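Let's start with one chain on its own, the form deposited in one PDB entry, as structure tokens.
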């Protein structure tokens, strides 16, 4: 069995041929643009057909999604046509899984937590409980896009990636940009606009680039690291056109090294768009029992990775991590000592260095995060929300001395006692009622003594936009799903009631919530 693949979901259009052996017999790729696809698709198909012959192809596979609406219609048309013009089977393929899969083949990684970054995508995905599941992602635009968009504005040539990274190697000043991480996801729009205005403010180009890099990349690495720990994967992989970046690679390895997990990037040929990744995943799904009707290859630009029935893995899942008990923070945000002060049981909380990041950024990140945590932990007392008392804060050392709350954290009780989901609701409501935003709502954030306390506020912002309050709930929703999956519908339908009894504007934000969960 041997297959031909057609790739063209945006700018590039590529085609390739792979054996069942995993041998790339041919793979080529040249750079609306949907016209530019049908323009050169047949040019490539010819060139392929020189090196391998038409009548020995057994499958056609094509990139079914996710992707750019119009330009997907074209690629599908080309492949739909050519399948019949050979009287041979055709199957549709998930773009993202193809990336992760051709990685597996050409790095001898066997099962990674993979970061997929490019112009149109920014996802961390891992094969967990039978399906290819998404862990953290961009809430607005892909790093690839954020970069290009900045490149154009600053008038650099377009595929903006390489140029920003060049100029970045000359950069001395680390300029102030937002670091926005919302739970397990990230946003870029801010970062982007804030680079734009800094350019405007006459910061020097080299400095802006360096900083837009360090920022963006750091975000991705935190988002990746976080995700890693909701896994026992022993290996991280990095796929997509943005993987070309040496500095991103650089960061990631450091994070990886410092978490005892080996790190993979696949060869240029299979790193960005290409027909050969499409050929393989087709060949892989088909080899093991998937056939597809001509009616079943309808285009879907929204294609999640869970939408696909993984039937090509059955083997030993490679190299895994061991998850011990109360065992120390190897790559943890905080170091927590227990202590006494004025005969009060007390916590000293320190935000340690993160070895992968640039020290300047690191010093700012842990500096900002502790201050904010002191700011809001105290502030939030004015709204009747039980919280530890801030006894002392220390910005040169990133230390906070605060009250010790004896009890169990929501996570360990919430399932059996549902009232505990309600009390979370009420706090969030009270936060939202006061235009205060937690950016990391989770059941490990709250401790229950006689009442329920927030114990973390490291990423709080004051904002009064309904949008921010809706994504607040969306981070918590995902948290509840990822850690209390089986008892979700209960916990969520109860949490809402706690938020109901407390915020009047609840519908306007719950309605806006159901809006974002579709964009």
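Just so we're on the same page, rigid core means the largest C-alpha set that superposes within 1.5 Å between forms. Numbering follows the first chain given and starts at 1.
- Unmodelled deposited residues between residue 462 and residue 463: none, per the record.
- Per-stretch averaging of Cα B factors for 366-374 and 324-332 places 324-332 on top.
- Annotation for 240-248 versus 399-407: the higher mean temperature factor (C-alpha) is found in 399-407.
- Of the candidates 84, 125, 220, 191, it is 84 whose Cα B-factor is highest according to the PDB record.
- Set against one another, the Cα B-factors of 57, 473, 455, 479 in the record reach their highest point at 57.
- For residue 297, the recorded CA B-factor ranks within the highest third of the chain. Only modelled residues enter the ranking.
- Among all modelled residues in its chain, residue 319 ranks in the highest third by Cα B-factor.
- Looking at the C-alpha B-factors along this chain, the one for residue 211 belongs to the lowest third.
- When the modelled residues of the chain are ordered by their C-alpha B factor, residue 345 lands in the middle third.
- The deposited CA B-factor of residue 98 belongs to the lowest third of values across its chain.
One more form of this protein exists, namely the form deposited in another entry; it is left out here, but the text below deals with it.
- Only one entry in 250, 257, 296, 345 has its C-alpha moved by 2 angstroms or more between this form and the one not shown when the rigid core is superposed, and that entry is 345.
- Once both forms are fitted on their core, a CA shift of 2 Å or more is seen for residue 404 between this form and the one not shown.
- Residue displacement note: residue 481 has its CA displaced by at least 2 Å between this form and the one not shown (rigid core superposed).
- Residue 496 shows a C-alpha shift of 2 Å or greater between this form and the one not shown [criterion: core-superposed Cα displacement of 2 Å].
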